[PDB]
Every structure is written in structure tokens, then in C-alpha cells.
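Chains as they are written, first to last, in the entry's author numbering: chain B, 8 to 329; chain B', 8 to 329; chain C, 3 to 85; chain C', 3 to 85; chain A, 2 to 492; chain A', 2 to 492. A prime marks a further copy of an entry chain. The C-beta atom is built at its ideal place from N, Cα and C for all residues, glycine as well.
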Ligand SMILES: [Fe+3]
Ligand SMILES: [Fe+3]
Ligand SMILES: [Fe+3]
Ligand SMILES: [Fe+3]
């Protein structure tokens, strides 16, 4: 007669006494129990095929992905505590800088720079949301999926600030076209086509290993360095102290994403040939990333530099992983 | 046989169904049950005399002070929710502006202006803390006492930001004397003696009615307009965006204090002669207030104006009450 | 050996019952009863167990054997009480 | 009329008991017993209730009256069982 | 100052664009989107009734967890679970094992819509939907975790869905069919409209009440808390059905609702039915599973469908009819096959309960009551072995549940067999078979447990082997919840 | 980034300055500060052991209330109060009436130090102390408020301290003497060191446990929550005693501790004593009030005093001795004078309880047991009227509580009378009288209830008038908690 265990049976016998994180995020996916028939239905359904091919057949291999652990050990309970605080800080900025008339102090030039370079980001950001949410549903382990979950929420969050600030800006400069003109800018402005291609294409890289690399290793670093880093510093020097602080607030999220993206790569390197697998994918997308940074940053004042810093800063993200 | 009531018996029979605020803050003081012998001991103890004289004999009279209601209807549970959010915003600013190197961007001039005009405020602020906490213990009604409670906490809060920021500044400019030189500045700097006298004296006005007026109606408006308003805008224009935002964050608290201070005065005017009582007290302290604003603001660049705006802004606080 | 689905009369659930291709209907019902009589259904002495194909209702003779009934493996049979 | 504090024997608490200046000790004890006997203390027939001043222990004669005992208003008295 | 949500909400879902570096179909694969020939513009009419934004979310949900986790801590040392009615402990052990991971799995279902839905409103709501199920997966693992030291059965809160125990298979059969293997539009209809808005929502309300009534506040708090989140994401299906009906596909929509409701009902008649009418103490039942279904579930489906412009499913009258039978059978089945589940089935057939049952179900004692009579005598007469089985029941191929119905005087147990491509299939009802026939490629080569037994896939090929194949061992194999206490009343 | 609290804390309490526009004495009136000739520099050595800053406070305390208020809401509808042991309901009704407003009053006591203490550390800690009692006053009003519809007795959670009911007077007598009429330094010793660190702290721990054991989690949560705050402000006294001993006044310090402890003990022997040994169900008592006092209260006082360099009070041995008697008397008194309090006293003298009592207190049945015997016969024999009083007990003039002690075979009830300035005073013990004598001006013209009765201040001058004078009416006047159920065991 099986006597009661000290913890879950799949964690039984390590003996640093599991953590809430481990207790609630490990070995949860079940479609990975039968690689031949992942779902409890006919093995030929399109969804069976899609998983057999994009999760199981991925060249990025590891004997046991469930071993993965989020370095920040995020859990739904602690994600909301972390972010509820961060939102308090941010909604704070919005509320008070407004009370101060911050938007009225911006020059006509800068207001136009915002309609061009800032606000249309609601698209690129939502695109990332979509991107990180695809990783969530095709990754081979609940702990990898979870990192993807919170990161997707973070994206919707960046999208929400932008949406918010767009209306605030529109109320202050009703003739600029804020909120009404972004789709055309996202779709026709040369400065944006670089990023739009990178993301539209990356969005159809279905292999989980490649989706992860395409989105978290190449695209995001480049989006983060171009839109948060570069535009932020510009904003700061242009008197837009809000966007400068806002962009910084979001960079915090970007960093948590990099943190777990690294942990994953560190793990993937524990096995032969993956570094090569990861580098062929990066080699494939890096070119589209440089094209995005060149189209965007070159249109910003002090262009060539923004292009040089974003280029090496985002490269540095991967270099530090190997 | 007395049958159960719908609410507390002292609230029984109004019939907008009491609020949590009312349920937990009304008619709580008991020393006001026997004006002859407020405390359950010999009626001649010094504490009996002190209350018989400073609370009961106050010329500021009303038939029933327990009727008072805080316009913000603050309660311990909701005070911490309100402020925990506001602290999140502020600790936020501290944390991130720091990450940004904000203090390193300040000029040598401004750093010295801070050691002179900003940091020594830990004294004036703590003094207010002491001031509002005396009102708390001599006021004639638990609801008045409560407004005084939260306002005292607010003061300790302003004192805490200052203490915090003083150490941050000291770590950045170890040769200025931050944290080590404020007592001398508070005690010997001409720009400070104006305020120091006002407060040292106001601190011994024991009559609750007068303490309230001396502290909440005259001193605070003047401290708030000189140290938060004036120094804030200066900071803002001097590149110190942190102190500018911080000062604004605190002005929010100042405003809540004004809000209930008004409600009290509105109430006190419901009865003959109080307006005259209140005006003779103000008439007495206003002179010491102008002296404080003149000593402080005149030493700030663009002196005479700061003196003119703080002077009429703080006056406006009382004018709007009658 | 051959599997069939037993849907005993008065019982509540059809069950898996392995019979033999050589068994007569009488013996098939014997094997089915074992899983229903004195478990969920009271015995009925003055009665006889007959086997009918559940799908169409064809009633097999007591003496007929499994081989000759043309049953599909796993075929569901009703085991009813008759005279 | 005159108040005294009754500290009955075997009882647990001293009580307020109004007596009369004219009452003899015997009658004082009568008034005290009313608040203790058959409430917290069992009667003792073969015994006699005597009154002594609690502070110093002075024992008053059964026949002495309140006026002559020199009592302070509210003075505490022991009501004890004797022969 | 701040803006009014009214003022900027729309901008948060103005995120569609005309792709050009890839084609629309490449970006939104039909097998994943299910846009069904309807255009982006058309899909952009999608407007979620219940709106929420990120800040409001992290804030509100932060408070929800504070409360739940606070309560749990406060009542933890009270060890209520140790003195709670065994039928209740069973109820919970059943709940966590069949729901915790499927809750977590729903997170992916929501992810499907978040990436593949063409209606921007649907994509964001699904992102919060994604977050919600994440909470449910975690919190509903965290809570049972407090009892692992009490019985291995609590380990199944995590283990269950990872095994081939017949109940787990029936669960995966349902969830994989409804939310894991469907296109975005499909998921929103079959999962959020049909299942969540249709069943689990009202159910959780009752389960939270039931818990309260059992003196289990930790669980009452847990459930009703989870329940409050259901609203925000269960909506998603409605606007989808609307767009489909308002455009060509009213039939396609109808068909999914039809399947989604039946399959839901079946799972519901073995996981909820048996609990209300038999595990819950007689003194704690304010209505029969049938009354519950009629008042809280059926009425609402009709209003819902009527407002969407759809029709009641073709099987509706059978459905109402079956409210009198199905769960009794599922309960008798589960109890009789006691050792094959991971919790202790509550017989629930004592004199008083039997009266209740007869009152809530006129004719119960003459039908269902009889099997139980025989089970009881054998127990009274010291023949326990005749109350456990020596063979497997016939599993339906659609719902993977035993095929059972009315016994006794009105015996009416049927099997809707179907020969398809040289293989004979068994179905527990008209509708279950129809689910197979309107889409055979979806279920064709799947094999239920009997199928595997009969194929030699279970070895040794006997009951011991089947138990091992289902990861059951003494300690977690179920037996009578009240330990046959109800027997000594018949003697 | 953020700084380490270690790094800037001191600056938050570097707030003393040399006044010049007013004199030091004007700013810090002796009657309010009690600096006692010790200098600011000297007082600036004051260093609170437990440090906290504003942000940490609003944050931590915000979470504390979320939990408490969350729990209360969750268990509200459960109406546990309606089926809880009557001795428990009594316990609570007693708690709220005597504590809610005095808790709120402590807010002012803390304000005294916040403004008048010369040690800057003391001023800030007192400001958080001020906030803490604000919570306690409010939350402990809010909670009972949920039962006003159940019995007027719950209205006394607010009303009590506003009346002249004898218990309320004893309460105000204590609190006004310890924290409302003392100088700053004094308050920190008598209130936070002596009373809070000394009694209420450990007590609340047990009360929270008791609640848990009674199945009252709302109250268990409430209490232990409040309790966690006690630590942060109860410290304040220690550093004050240190400065006083390290400077001239070791005697002054000793004297206050002596008074503060005795007066605390007395209040404690009628509000806590009777509850543990008599209202708590026999099956739920893990130790006698005496055992509690010895283990959790006395031992700690000795370690405390020893470390501060002080001595045990002159009355210490009497004190330990009295642990065997005093509360039994306070309980018998309160029960006998049943209708004069606002809750239902639990007799607690059934056969089994009487055994327990005899075990925890050898000799109880021969002494205290006898009065109860007589009370029981009269009840058995249908003479209830002989169990209520027809006169007032003798109230002690220091603690305003009846003067009672050992009855039975070892009758030893004494009264420490004292004639002072033409008026005769009555004291319940050696120490109570000594509190009067070391400071007569403080208590001289105060009049206890008997005093007022005897002065004609109560009219009509009879029991009915005294009840009216104490705001008691049928409905809140107390009677036997278990309604004499314990009687039918003697028949
Ligand atoms: Fe869910
Ligand atoms: Fe859900
Ligand atoms: Fe307290
Ligand atoms: Fe306290």
C-alpha cells in the first residue's frame, strides 16, 4: 500500500525541499507523453501533425526540457505583485506628469517625431505579443511555456501604455492624426518597413526552436534597442521626460525576457550541435534585423550612431550567451 | 428587553446606512464625557488641568464636534492603500532615476542649493510631524483626531523621503556635507530662521483651536508653498527633475490636509463668533509666516517673486475658507 | 476465443465478455450471466436465457454456436429472459 | 442609619451593608448574614455570630450598639463564628 | 490626471494590418485561425462585451490571489480535511485530478486564439484568458499540494492527466477535442461559449456553495475566486457566433455548438452528476442534479441560442430526458468499478438517501434501485467480492465512458454501434455516434481502453495488468468512501 | 537602484535641534515630557531595537489588513457566532467592550510620546505606534459591528467605555492611570514595557490560539494579526528604562515599573483569569491561568528586569502567591453579580470542571468550591434569587474591583483600609494601597462606585438605580452563559 509522499512524486527525491515555483510550474504539459499521438484523438488530425512537426522534430534538442527553470522563478501570484507595483509607478507618472502639463511643453518637431516614431509602435508591440504567445503554445515544457506566458502579458502591457499615451497625445494635439494615422505609418513609412518585414516573417517561423530564436534572440533585442533604448534617450534629450522614463520602465521587462532566454540557451548548450543549430537560425535572421535597425534609426536625428549602438548592443545580447 | 439594533446606537436613526468610515471613526473619545473630570483619576492631576484648559476652554466652540466628518473619509485600511500606491510611485522614481544617473547630471551650483535649501527640511518637516501629532491628542473629537493622525504620518513620510534623498545625495557628493551639516543650516542660516521661529513658537500654542490654526492654517500653507511649490519649480528648471516630481508627490498630501482643514473651518463657522476667533489667531501668526517666506524665498534666485507667489498662494488657502 | 459485448437484461451497463467460437448460445449466456446475475440482476429460475443480436434483434437458437452466428468481433448481444 | 463593610467569615468578598446606629452587634451580624448565609456560606446553628473591627481585631460585645463602637463610616467589620 | 477607459480602450485593439512580406493565409493559417472565408474587416466587428485593460488586471487579480492565499494560510493548521465528510474529501480529490492540468492546458487553448484569431478584440481578451487559466492551473495545484502527506491520492492532482486511468482518458478526450485541436474561431465557440459560459461557470458557483456548506472555506474561497475570472474570458465565444451567423456560416456555427454541448454534458454527467446526488450529504442538498441542470444550465442555453439566432440542438429532447438517467448510471458504474478511480466513491444508497432519490427521480427504486438492492444483499450477506468487477465495461468511443442506462423494470440500455472501414465502433448514445459521423477523420484511429485491452496493448492481459496500465496501486485505488457504513442499516 | 535601510535610517531620527525662539522647557513641558533632568544629548542615546521606515510600514500593514478583512468576508455568511459555545461568545463580547475604545485611546498615549519625547528615535517609533493603535481601534470596532443585529450586547463594543458600568470604570481607571495622564517617558515604561511587552503581547498569542481552538477563525485571524503589530511599538519602553538607570533615576524607573505591573495584573485577573479557567471549554484548555502566568508572563518579567538592571518588585512573592486565588474571586464576583456586566458569565463549575480546577489548584474545592456548593444547592432546590445579589460589593479604590480572596476552610479575605485626610479608603491588597500612598494627589478625590452610591450620586438609591446609572437594561444585563445547563448534573 503506497504511503504518502513528502511532495509531488515527480519532484520526490531532490531534497532542497521544492519551491512554490517548482510545485506549480513543472512537468505540466501532457501532449509530450506520446510523441506519436500527442492528443487524445485520431493521430492524423492537423493539430497532431503540427505538433509532431514543430515541437517534436525541432532540431533544437534536449533529453529532458522539463528540467528548465525560469531564473526569475515567476509564478502568476508573483507576476501580478511585481507588475502591479511597476504599473503603480507608471500610472503614477502618467497621472502626475499630466497634472504638470508635460505634453504641452513638447515642441512641434518632437510632437511630429512621436507620431512617426513612437505611436505606430502599437503594431510592432502587438506583433511581439502574438509572437511570444505562439512560443507559449508550441514549446516542449510547461516551464518554458510559462516564461512565454508572462512575456506575452508584458507585450500587451507595452501595447497598452502606447495605446494610452496615444490618446493623451491626441487630446493635446488633435490635428496631428494620433491614433488615426498609425496603420499607414506602420504600413508605408520607410523607417518602419525594416521592422515590419522582420516581424511579419518571423511570425510564420513555426518551429518552436526557431520561433524562440527568431523572436526572443534576434527581433526583440533589435526592437528593444531601437524603440526603447534609442528613442528613449532621444526623447530625454528632447524634453520628453515621460517617454524617456516610460521606455526605461519597459526596458525592465525586456531584461527579464533576456534573462530567461539566456537560461534556455545555457541549457540548450548542454548538448552537442545545438549551438550550431542556434547560430544557423540567428545567421538567417540577423540580416533582417540589421535591415530593421537601419531603416528606423537612420531616420532619427543622429542616425548613423543609433544604428551603430543598437547594432552592437543587440549583438551583445547574444554574444554573452555564446 | 432591548432588541438588537441595525447599527451602533449612536448612529441609529439617520438612515443613509452608515459607512465603514462612520462605523469606525465616530464618537470614540471618552475624556469628553465629564468636562469636570475628563480622566478616571483625581480631578486635579496636571493632565486633567491641561485638558480642562486646552481642549474644553478653547474659544473655538461648537455644540457637538463629533459631527465632524473627514471629506476624504480616511480610515487606517484605506490610508495604507492610498499611500502604498503613492509610495510605489515614489520609491519607483528613486529607484529608476538613480539607475539613470540623475544625480550626476546636476550642476555644482544646484548641488549646493540642495544642501542649503532642500536637505535641512528634515527638521521643519519633523517639526510639523510633532505639530500635527499634538493636535491629534488635544482635539475634541475622534474624527478630528483621526485627520490629525494620518496627516502626522504624512509628515513623517515627507521627512523619510528627505532623509532617504539626503543619503543618496551624500553618496554622490561626499564632500558637500549632506546629512552632516543640516542642523547648523537649520539653526544658523538666515534663510531658515524665518521658518524656525514660526514653528518653534507655533509648537507651544497648546489650545487645540489655536494649534490647528497656527499649524494647519498658517504654517503649513507657508511651508508647502515655499518648500514644495517654489523649490520644486526651481528644481524643475534647474534640471533636478526628481525633486520636482517628489515635491509634487508630497503636494498631494498637503492638499488632503487643506481639504479637511477646510471642512473643519466650514463646520466652525456654523456658529457665532468663531470666524472672529479664527481670524484673530490667523492675524496673530500671519506676520510670522510672511517673515518665514521672506527669509527663505528671498535667498532663492528670482527671490522677490517666490516671495510674492508664496505669499498670495498661502493666503488664498484661507481666503477660500472665509 | 472471441470477444462480444454483453448487454444483460435488467442490468445497467454493457460489458466485455470473452466467449468461445465453439460455445452454444446457451453457453454464451452462461458466461454473460456470471458478470450480471447475483451482482446487479436477480436470478429468474422459471426462465431461460436467450441470445439476440443487439443491432437488428435477430434471436439465435439456444443450440447455435458462435461460429455459425456470423458475429463481428466485439458485436453487442442482448441476453434476455424468455420461456 | 450607618454604612459598614461586611467581611463575613468563610465568604469570599466584603460587602456594603447598611446598619443602624441603634443596632446591637447581634443585629449588625443579622444584617450581614442576610447577604452571606444561604448564598455562599452554610449556616452554623451551634455557633454565635460576633462582630470584630477588621483593622485592629477589636471584638465587640454582642450587646453593644453601633453608636458606642466608635466606627468610621464605611468601616470594615469581620463577622465571625464563635461560641 | 487620468483618462477615462471609455476614451482610449479601442486603440488597444486597433492592431490589425495588411501583411505584405508574407501573405495573409501564411500569417493566419486556416487550420489555426478558422477565419472561414470571412474577412479581417468582417472579423473586426468583434466586440467583447466585458472589457478590461492591463493595469486593471494586474491590480484586481493581485487582490484576488492575496485573499485566496491569505485564507488558505489562516485555515491551514486547522486541518479541516482530516475531519471532513469522506464524500467531500472524495469530491475534492476528484476535482483536482481531472481539472488542474486541464486548467493549465486551457492556457494553450487561449494562446491559440491570442495568436490566430483575426478579431483584434478576441486576441487581447484571449491574452487575459491565457493568464487566467495560468492562475487556475497553478493555484489549483498549490492548494491540493497541502495534502500530499495525507494520502497519495492527492498526488494525482498532478499525476492524473499523465496516466491512462480511464477517467483521465475521458477527460483528455473531451479537452483535446474541444480546445487543443481546434482552430481559433472553433475554440472560442466550443470552449468559451459552449463549455465555460454553458457549464463550468454555473457549476463552480454551486461547487463553491457546496464547499461552504461542508465547512470547507479554504476550498469555498478557492473555487468562487477562480469562478470570478470565468466571466472575463468565457465571453469570447458569443461575438464569434455572431459574426458567423451574420455572415454565411450559421450552419457551421450551429454544428460546433451542437457537438460542444453534448460532449460537455457527457463529461458533466460523470464528474458532476454523481457528486450532487450521491457524495454530498443528504442533509446538504438543496436540489437534484436534474433540478440544477434544468434551472441553472438548460434555461440559459435556450436564451443564449435564441439571442444568437441559433437553434436548440437536434438532440435537445433526448438530452432533457437523459437528465433522469445518465448520471445514475455513471455513478453506479464508477462505484461498482471502484478500484479503477483514484478517489473513494460514495455509494450513497442508504434508506434515507434512497427516499430522496425516489422523490427527485420517480421510479428510481424500481430501476436503478434494483441493482443496488443486489449489491446491498451481497454486502449484508458477506459477499463483498460480488460487488467489484471481473471484466471491463463497454467504453463508448466518443466520450470514452461506460455505456449504461436504465436497469430494473424499465430496462432500456442501448448501444449505437457503427461499422466504419472494417472496424466496429460502440457509442453510448445517438449523439455520441453522430459526433463521430459528422467528422470521422477526427476520431477514426483513436482507441479507447477496451480497444487497447482487446488489442494486446495491455500486458499481462488481465485486471491486474489493466490497473498497472492505468498507474493504479493500492493506496490510490478507490474503495467505498464511508467504508460500507451505510450497509449496517440493512444489517 | 535603492539604498540599504542600514545606510540611511539614522537620518530619519536625526531631528533634534537647539530651540532659541522658545526655551527647551517651553517646547518640552516636564509634565508632558518627563525628561527628568536628563539632557537631550543623553536622551539621544535612545535606540529602538526594532526599526521600520514609512514605506515598509504602509506596505506591510496594507497586506496585514487585506488578509484580515479578506478572511472576515469569506467566513461572514457562515454565521459561526450563532453556533459557537456561549462561553466563547461571552469571551468576545467582553473583549470588544473593554478594549476597542481603550485601543483607540492608546493612539493618544502614543501621540504623547510622539510629540513630547526628547529621544528622536522614540518620537518616530511612537508615530508608528500611533498608527498601530488607530488600526486596533478601528478594526476591533469593524469586526464586532457584524453582530449588532444579533444582540444589543455587541453595541457595547462602542458603548462600554462611555458608561459607568463597574467594569468600564475599572478599565478607564487602569488606562487613564497608565497611558493618558502620564508624561512621555512614563508612558513608554508603564504602557509599552510593563503592560504591552509584559502582558497583552503574550496574552493575544493565547487568545488567538483559543479562538482557533473554538473554530472562530475570523477572530483568530483578527487577534493574531493585531498581535504582530504589538512588537513594533511595545519596544519603546526598554530604551527609556535604560537611559533612566544609566543616569541618576534607577529608583524612579523601578517605582513606575512596580506600579505599572501591579495595576496590570489586577486588570488581568478579572478580564483574562476568569476566561481561561472558566469560560473556555474544559476540553479546550491546555493550561491553567496560573500555568499561563508562570510560564509566559512571570519568567519573562524577571529576565527583562534582570537585563535592564532593575529588581523584582517588592510584592513579587505575594504576586506569585495570589496566582492561586485572585482570579477565582474575580470570577465568582462577576458571576454572582452577573446582571451588572454586559456579557453572560460562564459559571464553569460542573463536576468535571471542578475536578480540573482541583487539579490545577489543590484546595480549590475546600475554599472556592464551597461558595459554589451553596450556589448550586439553591439552584438545584429552585432558589435562584439567592444566587443574585441585593447589595454592592466593596470596591477597591485603586483597581476599582471588588475586594475578594480565599473563602472556605482557609478564609483569608482582607481589606487594606487607609484613612487619608478625613476619608476612609478601601484597597483590595497591600500593593493597591501602596499605589495610592506613593502618590495620593493622583487618586485622592476620585470616587469609586460604592463611594458614589453612598454619596447619593445614584438615584433612586437602590439596585435598580445603580443599573440605570451604569446604562444596563434587560437585553444586555448578563446572566448564566450556558443557561444553568451545568446545574442538571446535580439534578
Ligand atoms: Fe479556468
Ligand atoms: Fe476558464
Ligand atoms: Fe493595540
Ligand atoms: Fe499596543
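Subject >> Beta-carbon proximity list for residue 240(B'), same chain, < 8 Å, skipping 5 on both sides >> reply: 251
Original post:
Among 488(A), 291(A), 172(A), which has the Cα closest to the Cα of residue 376(A)?
Top reply: 488(A)
Original post:
residue 118(B') and residue 180(B') look like a contact to me (Cβ under 8 Å); what is the Cβ gap, rounded to whole Å?
Top reply: 5 Å
**OP:** Would you mind telling me which residues of chain A' sit closer than 8 Å to residue 213(A), beta carbon to beta carbon, in chain order?
**Re:** 78, 79
Original post:
Under the DSSP definition of a beta bridge, which residues are partnered with residue 261(A')?
Top reply: DSSP, once it has assigned bridges, lists no residue as partnering residue 261(A').
**OP:** Pick helix, strand or coil for residue 432(A'), following the three-state DSSP scheme.
**Re:** helix
Original post:
Does any heavy atom of ligand 3 sit closer than 8 Å to the C-beta of residue 112(A')?
Top reply: no
Original post:
Helix, strand or coil: which one does DSSP assign to residue 326(B')?
Top reply: helix
Subject >> Residues of its chain near residue 110(B), where Cβ-Cβ distance is below 6 Å and the 5 sequence neighbours each way are ignored >> reply: 179
Original post:
Is the Cβ of residue 68(A') closer than 9 Å to any Cβ of chain A?
Top reply: yes
Subject >> Beta-carbon proximity list for residue 266(A), same chain, < 7 Å, skipping 5 on both sides >> reply: 320
Original post:
How far does the beta strand (DSSP E) with residue 80(C) in it reach, from first residue to last?
Top reply: 78-84
Original post:
Can you find a C-beta in chain C that's less than 9 Å from the C-beta of residue 299(A)?
Top reply: no
Original post:
Does residue 170(A) come within less than 9 Å of chain A' when only Cβ atoms are used?
Top reply: no
**OP:** Could you name each continuous beta strand (DSSP E) segment of 3 residues or more that falls completely within the region 401-478 of chain A, going from the start of the chain to the end?
**Re:** 419-421, 424-426
Original post:
Which residues does DSSP pair with residue 4(C) in a beta bridge?
Top reply: 21(C)
Original post:
Under 8 Å from any heavy atom of ligand 4, does the C-beta of residue 235(A') make it?
Top reply: yes
Original post:
Which whole-angstrom value is the C-beta distance of residue 340(A') and residue 389(A'), which I expect to be below 8 Å?
Top reply: 6 Å
**OP:** Could you say if the region 31-38 of chain C' and the region 430-446 of chain A' meet the contact criterion of at least three C-beta pairs nearer than 8 Å?
**Re:** no
Original post:
residue 72(A') touches chain A at which residues, Cβ-Cβ below 7 Å?
Top reply: 71, 72, 75
Subject >> Neighbourhood of residue 45(C') by C-beta distance below 8 Å, restricted to the same chain and skipping five residues each side >> reply: 39
Original post:
When the cut-off is 9 Å and only beta carbons count, does residue 379(A') lie next to chain C'?
Top reply: yes
Original post:
Quick one: any contact between the region 195-210 of chain B' and the region 39-53 of chain A', if contact means 3 or more CB pairs under 8 Å?
Top reply: no
Original post:
With 16 other CB atoms within 10 Å as the buried threshold, where does residue 94(B') fall?
Top reply: buried
Original post:
Is the region 215-224 of chain A' in contact with the region 291-310 of chain A', if contact means three or more CB pairs nearer than 8 Å?
Top reply: no
Original post:
Would the C-beta of residue 133(A') count as close to ligand 3, meaning under 8 Å from any of its heavy atoms?
Top reply: yes
Subject >> residue 185(B') in three-state terms, based on DSSP >> reply: coil
Original post:
According to the Cβ coordinates, are residue 160(A') and residue 17(B') closer than 9 Å?
Top reply: yes
**OP:** Could you name the residues of chain A' that residue 11(C') contacts, counting a contact when the two beta carbons are closer than 7 Å?
**Re:** 412
**OP:** Could you tell me whether the Cβ atoms of residue 164(B') and residue 55(A') are closer together than 9 Å?
**Re:** yes
**OP:** Report yes if the C-beta of residue 244(A') is less than 8 Å from at least one heavy atom of ligand 1; otherwise report no.
**Re:** no
**OP:** In the DSSP assignment, find the beta strand (DSSP E) that holds residue 2(C') and state where it starts and stops.
**Re:** Because chain C' in this structure spans residues 3 to 85, residue 2(C') falls outside the shown range and cannot be described.
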